[PDB]
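K.L.:
Supplied in structure tokens, the structure appears directly below.
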Amino acid sequence: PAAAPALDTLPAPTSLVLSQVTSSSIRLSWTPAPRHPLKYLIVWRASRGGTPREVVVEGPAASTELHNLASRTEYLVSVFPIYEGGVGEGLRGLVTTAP
């Protein structure tokens with residue numbers, strides 16, 4: 001409905017790496033800013049139309065794995081940093097899971 005705007009001005013992690021792609025999982029990796037957040041918001045959805053899925057992880061996290069993904073499917077994957085100053089603009093990329 002009313003999605004939450006992201007502040008494009010905030011320390012963000014850098015260099016998103018999407019690896020270990022299986023039929024149902026991908027690994028997400030990023031380079032965190034020197035100031036570690038309280039949390040990170042991670043968002044993934046099927047690129048062709050599907051309800052977005054989310055998980056929030058901690059500030060000093062440098063990795064998390066997404067699971068239970070549908071096979072042969074393209075996902076938009078996003079990483080949102082969560083500090084006290086709001087929600088920051090993050091990293092994103094497309095990955096298609098193995099058959």
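By convention in this document, the chains of the structure tokens carry letters A, B, ... by their order, each chain's residues are numbered from 1, and ligands are numbered from 1 in the order they are shown.
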Tell me which protein, DNA and RNA residues are within 10 Å of segment 61-77 of chain A, counting only C-alpha atoms, leaving out same-chain ones fewer than 5 positions away, and put them as an MDAnalysis selection string.

P.N.:
chainID A and resid 13 16:32 36:40 42:50 52:56 91:99

K.L.:
Could you check which of A:83, A:57, A:15, A:9 is closest to residue 41 of chain A, using only C-alpha atoms?

P.N.:
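Closest to residue 41 of chain A, using only C-alpha atoms: A:57.
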
K.L.:
Would you list the contacts of residue 6 of chain A as a list in words, taking every protein, DNA or RNA residue within 9 Å and counting only C-alpha atoms, but skipping same-chain residues closer than 3 positions in sequence?

P.N.:
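Neighbouring residues, sequence-local ones excluded: residues 9, 80, 86, 87, 88, 89 and 90 of chain A.
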
K.L.:
For the residues in that selection, give me C-alpha atoms as a CSV table (one decimal), in the first residue's frame.

P.N.:
```csv
chain,number,residue,atom,x,y,z
A,9,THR,CA,21.6,10.4,2.4
A,80,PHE,CA,18.4,-1.4,3.5
A,86,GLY,CA,15.9,6.5,9.4
A,87,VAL,CA,15.9,4.0,6.6
A,88,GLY,CA,18.7,4.5,4.1
A,89,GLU,CA,18.8,3.8,0.4
A,90,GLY,CA,20.5,0.5,-0.2
```

K.L.:
Atom CA of residue 2 of chain A to atom CA of residue 58 of chain A: how many Å, to one decimal?

P.N.:
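These two atoms are separated by 24.6 Å.
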
K.L.:
DSSP on the backbone: what in chain A comes out strand (DSSP E), as a PyMOL selection string?

P.N.:
chain A and resi 14-19+26-31+39-46+53-58+63-66+74-83+86-87+91-96

K.L.:
Work out how far atom CA of residue 59 of chain A is from atom CA of residue 79 of chain A, in Å to one decimal.

P.N.:
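Value for the atom CA of residue 79 of chain A-atom CA of residue 59 of chain A distance: 11.7 Å.
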